[PDB]
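Quick notes on the structure that follows.
2 protein chains.
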Amino acid sequence: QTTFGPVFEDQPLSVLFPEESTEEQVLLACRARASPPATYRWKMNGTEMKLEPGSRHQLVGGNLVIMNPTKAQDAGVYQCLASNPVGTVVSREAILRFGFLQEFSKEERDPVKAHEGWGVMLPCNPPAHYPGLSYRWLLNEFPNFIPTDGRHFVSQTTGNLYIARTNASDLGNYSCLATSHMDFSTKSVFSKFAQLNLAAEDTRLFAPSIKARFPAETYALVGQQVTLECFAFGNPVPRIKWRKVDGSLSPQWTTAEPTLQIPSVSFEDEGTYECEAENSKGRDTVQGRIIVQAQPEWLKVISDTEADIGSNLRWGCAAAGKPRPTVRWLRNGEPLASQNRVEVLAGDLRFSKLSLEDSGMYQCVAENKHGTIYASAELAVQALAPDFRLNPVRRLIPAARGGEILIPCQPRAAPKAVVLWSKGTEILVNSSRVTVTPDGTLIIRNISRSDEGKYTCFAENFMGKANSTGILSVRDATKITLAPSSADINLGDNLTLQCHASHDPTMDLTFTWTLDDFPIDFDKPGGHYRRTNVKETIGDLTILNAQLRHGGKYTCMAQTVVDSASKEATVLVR
Amino acid sequence: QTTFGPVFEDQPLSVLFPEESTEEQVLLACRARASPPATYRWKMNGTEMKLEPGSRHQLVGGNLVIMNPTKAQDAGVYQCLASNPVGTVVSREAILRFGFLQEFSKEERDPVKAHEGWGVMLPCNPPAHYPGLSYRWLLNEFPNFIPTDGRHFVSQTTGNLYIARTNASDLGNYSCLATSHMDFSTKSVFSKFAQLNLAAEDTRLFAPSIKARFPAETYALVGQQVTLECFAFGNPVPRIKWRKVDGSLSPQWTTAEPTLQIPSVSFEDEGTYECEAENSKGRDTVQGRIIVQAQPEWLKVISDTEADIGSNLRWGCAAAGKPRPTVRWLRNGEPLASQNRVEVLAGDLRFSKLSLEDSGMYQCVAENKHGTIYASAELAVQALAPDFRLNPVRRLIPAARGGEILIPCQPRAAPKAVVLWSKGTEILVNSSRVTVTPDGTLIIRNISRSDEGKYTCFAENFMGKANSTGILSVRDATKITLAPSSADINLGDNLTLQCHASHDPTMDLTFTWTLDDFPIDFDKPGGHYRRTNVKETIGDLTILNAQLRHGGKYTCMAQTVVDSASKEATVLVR
Ligand SMILES: *[C@@H]1O[C@H](CO)[C@@H](O[C@@H]2O[C@H](CO)[C@@H](O[C@@H]3O[C@H](CO)[C@@H](O)[C@H](O[C@H]4O[C@H](CO)[C@@H](O)[C@H](O)[C@@H]4O)[C@@H]3O)[C@H](O)[C@H]2NC(C)=O)[C@H](O)[C@H]1NC(C)=O
Ligand SMILES: *[C@@H]1O[C@H](CO)[C@@H](O[C@@H]2O[C@H](CO)[C@@H](O[C@@H]3O[C@H](CO)[C@@H](O)[C@H](O[C@H]4O[C@H](CO)[C@@H](O)[C@H](O)[C@@H]4O)[C@@H]3O)[C@H](O)[C@H]2NC(C)=O)[C@H](O)[C@H]1NC(C)=O
Ligand SMILES: *[C@@H]1O[C@H](CO)[C@@H](O[C@@H]2O[C@H](CO)[C@@H](O)[C@H](O)[C@H]2NC(C)=O)[C@H](O)[C@H]1NC(C)=O
Ligand SMILES: *[C@@H]1O[C@H](CO)[C@@H](O[C@@H]2O[C@H](CO)[C@@H](O)[C@H](O)[C@H]2NC(C)=O)[C@H](O)[C@H]1NC(C)=O
Ligand SMILES: *[C@@H]1O[C@H](CO)[C@@H](O)[C@H](O)[C@H]1NC(C)=O
Ligand SMILES: *[C@@H]1O[C@H](CO)[C@@H](O)[C@H](O)[C@H]1NC(C)=O
Ligand SMILES: *[C@@H]1O[C@H](CO)[C@@H](O)[C@H](O)[C@H]1NC(C)=O
Ligand SMILES: *[C@@H]1O[C@H](CO)[C@@H](O)[C@H](O)[C@H]1NC(C)=O
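Taken in order, these protein sequences are the chains called A and B.
Offset between the first sequence (1-based) and UniProt numbering: plus 31.
Offset between the second sequence (1-based) and UniProt numbering: plus 31.
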């Protein structure tokens, strides 16, 4: 019933298109549920695209289809806007990134001079790539495989060889290679040879000197695997120990391998770590830190709301992320700034004197360095004509003579309706005796046998007019013309109390007695209370075989179907 | 929208059709508002009429028209029934009565012998009539007029002459006449002559003897004029005094005329009256009573009601009349008796386990000897499929670690819906840790990092099925790792209190201090409270220039957007 903001059900997702692939198209999906159905626009780097006919970019039911994707003119960030007569909404981002691995530079590698017994550096300066590759080293023949012993180390972050000790077998020509691991294809690129030569021998057992070290500060989101690498020059082969300064490591990680690995990281891993190289000739240690961060997550969002013209509203948001997020507001896909009767403050939204214009689709955005999140809601403002169906004025208003009466008149209206009372055809301007409160309730005091008749309440606003009618009748009031008396007796004695009343001739009158505000039962078998002198106006009560519990404050009450009256006395029982 | 019982707006009215008139038709009106429009039937003495084509009785839009009305076959009591697919209603009665005045009997009146100086009786036995007539007497000539002095009296309830004293001028022949006073026509009927003759006489004065007296018991509704007549035989002309035994008469009625009149009667006139004839030779007095009564009137009626299948209902009625009325119930124009799940008792109606069949038009009838009154209402029973629009399950359910959570699931259904919970795709059979109450609320104790996910509630009844979904997430809980200490100081001293807390790394934590559960202000200019050691986990407070009012129980509370914790201490100031 045209009460459908363009709610989202499928927002686009980031893609990594491999280069030199065998595909021809990519799809970015956008799906909205709306009534009437919504229309879609696509933003690329912010500027609204001009989706011409089927030249490259095309629209298929809200999904974006690019043709012949290439990094030259298709890599970017894409957004989808779903618009309706009610309002518009904006979806989350979708990044399209390409993947490739170029060819190694063709110039010859310089020959590194070495002296037998020391350590040497063999870098292999990997070419441009995306994403990170896996590195290996080759010697002499293709394909051989350099052994992965404790004498050599090949880091996976720079790839340089770490030849701890140099001897005769190290003569040859070293080449690097890189392997790209992707979902679709795998590529391997080899490097030109670098012939290493060794000078005269010089061997002495020396203290380790740490060369490959993990950086002091290492940021890592919660859920990622972290690998800290460590290596030192030492003869004989040193041993590497990993420890935590402000804690202890899990037994699954208490290993002496030169690369400490954490498969999953939570907030308990944040702290300081120490890598120590140890041998019979020395020891060298290096410290560093690990910091854990997280993306924002919602804690409290907004929801759909229908209000009425003239009222006020309050809306809120709340997020949670390790670098604290910031919250901002959107109206129909546009930034919302504090103006007029809309007040925004750091994630709370206030509407004062809500109007008809304030209806639409609102959005809440929480952002930090690691990501952004969205939430949507709809505000609808309603105007209503006066209606008395739910709360009509009482049809029958029996009022005792010489008393006060109050008749409220509150129709269901939006905004509030002006209320005017009348009796018959005359219009009531209030006086000392008749009063008309601003709320519309009409109160009459000092009632008599001349106020009976038909009363009408008229409610009007700029939307409509309604009206209701009641009938007022007057009767005589109840009276108590005799009150009982206090007494003191012994347990097991009999006492009598009297109570007389007068009432209107046309109604029924009943007598009820309470003991300390507790109604006294007379139909109880073996009961100690008996009605006596039972007439239309006489309702005496006799206590037979009095007990301790019968002491207290007795209260006689004469009640009709309309009103009541009461009198009090007390009895003590020993 | 087919929610219209045949409400009444014009019910028939009693008529008095004068005989020997010049009219040819009568109309009895019946009007009902209904949607769809209602159909009408007419009852005459109770049997449903067979309204044939236009032979005498005819129907015009719900109104009844009889043709050539005559007392022979048209005088009765008429009722109108308005029927709809929703239900039927029955209107109040309407009595049709004729009015006429026949011709006086043609036989000669007997000659009444009289003895001069006495009193004589001259009745005139009025013929059949409706309604009561006005009586007058004629003597000798037509038209003469006998004087209305104190010597003669002509009562209006029997019409007989009361000649107090008889003398020579009383010789003649007396005739009666009756005049019928109606709205349309006036008719006068004269009677044959009765020749009165007089014998010898005497000469003396005697005591009065009352002859025409008012009856001892006289019933009179509220609003009617009551006339009590009195006369006695007395020479000379006696005087009549009217008094009240248990009260005093109004000055407008304290008159000595031989007919006491009350234009309007209220309940204060009920009692005993005395008429006294007085003269120089004697006095005779006669007593009687006046009893005042009233017709039933409503005090509390029923109204339209929509309920749901499976519930219970209570309805009531109340009337007021001097002869106490009796209340009975009608369903669709038929008497309602206590059967099955409907219980009737002396004006209260109880529905137990309301079904779909109990929908329709109900009516309440209050009756006594002086009249009857009706009231109408409609009962509608609704069945509803489950719906979660008004009360959906919470979308975000942040739960602290190691605590308890409760999630209710109450859809809008009629009757109640069976509720089954599930996590993901598994079905939860409830145990020590997880409990599913009969109301549907699911409670989990001892929450860990294994309970997060998506929870679903399925509600089903014989009308339909619906479901709702929520998301559960777990976070660390707040703590207070340091509590303050009690102290005693003098007015004007400075005191420091400490309070430390721990919380989840991704949320904000704030400290608030209260004095005897009243929040302590820190931004108050010239305030005595200053925040100190303000860190993320340290929120100390210092009292500067302490006053008497600063003594009491301090409470430090560390709170987040989700949960909170608190600790207490006390300070005394002299
Ligand atoms: C106090 O009462 C009413 C509102 O509660 C207010 O308006 C009048 O009465 C009804 C409101 O229900 C208006 O509509 C009428 O409804 C009745 C039955 O529900 C019908 O009989 C009426 O028939 C009219 O049909 C034509 C088109 O509507 C009219 O042109 C024609 O004249 C008939 O009246 C009608 O549907 C109704 O129109 C108004 N006005 C009148 C004059 O009745 C009412 O005026 C309030 N009283 C006062 C003194 O202000
Ligand atoms: C828990 O969720 C729902 C109840 O809330 C329950 O019913 C299923 O989902 C929707 C409920 O809104 C049913 O109606 C669907 O609505 C969505 C969008 O609102 C549409 O995409 C669906 O399209 C259907 O259209 C045809 C005619 O309706 C179908 O024949 C066709 O197969 C499409 O599904 C449809 O209008 C929906 O029918 C049901 N059922 C299913 C299978 O979705 C849902 O089953 C509950 N889940 C569980 C596990 O019990
Ligand atoms: C009715 O009479 C009162 C005086 O008793 C007028 O004054 C109002 O009284 C209400 C009672 O609570 C208060 O709100 C104010 O003292 C008055 N209200 C306003 C709006 O002035 C009142 O104005 C009279 N109503 C009319 C004339 O419609
Ligand atoms: C859930 O476990 C409880 C036991 O703790 C089962 O017993 C019900 O517990 C409620 C709790 O107030 C009580 O009404 C009764 O003791 C039991 N109710 C009924 C209808 O038997 C309960 O049945 C379990 N829920 C299930 C099985 O759905
Ligand atoms: C779009 O954005 C990307 C990344 O910010 C940028 O590389 C590119 O040059 C932009 N413009 C295009 C694709 O036309
Ligand atoms: C109520 O009205 C009557 C007049 O009808 C008057 O005599 C009486 O004093 C009024 N009540 C009060 C409390 O003034
Ligand atoms: C109808 O009722 C009246 C009054 O009770 C009665 O006089 C008459 O005979 C009845 N039958 C008719 C009018 O056919
Ligand atoms: C709460 O659960 C944990 C494990 O999740 C358990 O070790 C602990 O004892 C439980 N609490 C209580 C009070 O048993």
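Beta carbons are placed, not taken as given, at the ideal position from N, Cα and C, and that holds for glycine.
Per DSSP, cross-strand counterpart(s) of residue i
i, result
"B/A508", "None; B/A508 has no bridge partner."
"A/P366", "A/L361"
"A/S211", "A/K218"
"B/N399", "B/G402"
"B/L546", "B/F549, B/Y585"
"B/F264", "B/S240"
"B/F489", "B/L451, B/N498"
"A/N228", "A/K144"
"residue 17 of chain A", "Since the first residue of chain A shown is 32 and the last is 605, residue 17 of chain A is not available in this structure."
"A/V375", "A/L380"
"A/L132", "A/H160"
"B/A518", "B/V602"
Classification of residue i by the beta-carbon crowding that lies within 10 angstroms, buried from 16 upward
i, result
"B/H534", "buried"
"residue 608 of chain A", "Nothing about residue 608 of chain A can be reported from this structure: the residues present for chain A run from 32 to 605 only."
"A/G471", "buried"
"B/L473", "buried"
"A/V358", "buried"
"A/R425", "exposed"
"B/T586", "buried"
"B/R140", "buried"
"B/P356", "buried"
"B/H531", "buried"
"A/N115", "buried"
"A/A230", "exposed"
"B/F542", "buried"
"residue 615 of chain B", "As displayed, chain B neither begins before 32 nor continues past 605, which places residue 615 of chain B out of reach and without an answer."
Whole-number beta carbon distance between residue j and residue i, since they are thought to touch under 8 Å
i, j, result
"B/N343", "B/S407", "With a Cβ gap of about 22 Å, B/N343 and B/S407 do not count as contacting."
"B/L385", "B/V412", "6 Å"
"residue 4 of chain B", "B/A445", "With chain B running from 32 to 605 in the structure shown, residue 4 of chain B is simply not present."
"A/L427", "B/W329", "6 Å"
message: Between the stretch 185-199 of chain A and the stretch 101-113 of chain A, can you find at least three pairs of beta-carbon atoms closer than 8 Å?
response: Not touching, per the Cβ criterion.
- request: Could you run through the UniProt domain "Ig-like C2-type 3" (239-322) of chain B and flag, in chain order, every residue whose CB is less than 7 Å away from some CB of chain A?
  value: Hits within the stretch, in order: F298.
Near-chain A residues of the UniProt domain "Ig-like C2-type 4" (327-411) of chain B - C-beta to any C-beta below 7 Å: Per Cβ criterion, the list reads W329, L330, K331, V332, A349, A351, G352, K353.
- request: Could you run through the stretch 479-512 of chain B and flag, in chain order, every residue whose CB is less than 7 Å away from some CB of chain A?
  value: Going along the stretch 479-512 of chain B in chain order, one finds no residue with a Cβ nearer than 7 Å to chain A.
Against chain A: residues of the UniProt domain "Ig-like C2-type 6" (509-603) of chain B by CB proximity under 9 Å: Listed by position, the residues of the UniProt domain "Ig-like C2-type 6" (509-603) of chain B near chain A (Cβ gap below 9 Å) are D535, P536, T537, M538, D539, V592, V593.
- request: Using a Cβ-Cβ cut-off of less than 9 Å, give me the residues of the stretch 58-79 of chain A that come near chain B, in sequence order.
  value: For the stretch 58-79 of chain A, there are no residues whose beta carbon sits under 9 Å from a beta carbon of chain B.
- prompt: Closer than 8 Å, Cβ to any Cβ of chain A: which residues of the stretch 406-440 of chain B, in chain order?
  reply: From the stretch 406-440 of chain B, only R426, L427, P429 have a Cβ closer than 8 Å to chain A.
query: Do the stretch 32-40 of chain B and the stretch 556-567 of chain A make contact, defined as three or more Cβ pairs closer than 8 Å?
result: They do not touch, by the three-pair rule.
message: Is it the case that the stretch 172-180 of chain A contacts the stretch 117-127 of chain A, given that we only count it when at least three CB pairs across the two stretches are under 8 Å?
response: Using a Cβ-Cβ distance cut-off of 8 Å, the stretch 117-127 of chain A and the stretch 172-180 of chain A are not in contact, since fewer than three pairs of beta carbons, one from each stretch, lie closer than that value.
query: Quick check: the stretch 258-271 of chain A against the stretch 304-316 of chain A, are there 3 or more CB pairs under 8 Å?
result: Counting Cβ pairs under 8 Å, three or more are found: they touch.
message: Under 9 Å, CB to CB, which of the residues in the stretch 201-228 of chain B have a partner in chain A?
response: Within the stretch 201-228 of chain B, no residue has a Cβ that lies closer than 9 Å to any Cβ of chain A.
message: Under 8 Å: do the stretch 513-527 of chain A and the stretch 565-575 of chain A share three or more Cβ pairs, one atom per stretch?
response: Touching, yes, given that three or more Cβ pairs across the two stretches are closer than 8 Å.
- prompt: Pairing CB atoms from the stretch 416-434 of chain A with CB atoms from the stretch 477-486 of chain A, are three or more of them under 8 Å?
  reply: Three or more Cβ pairs drawn from the stretch 416-434 of chain A and the stretch 477-486 of chain A lie within less than 8 Å of each other, which places the two stretches in contact.
query: So, do the stretch 150-169 of chain A and the stretch 206-214 of chain A have three or more beta carbon pairs nearer to each other than 8 Å?
result: Yes, the stretch 150-169 of chain A touches the stretch 206-214 of chain A.
message: Does the structure place the stretch 129-149 of chain A close enough to the stretch 64-77 of chain A that three or more beta carbon pairs sit under 8 Å?
response: Taking 8 Å as the limit for Cβ pairs, the verdict is that the stretch 129-149 of chain A does not touch the stretch 64-77 of chain A.
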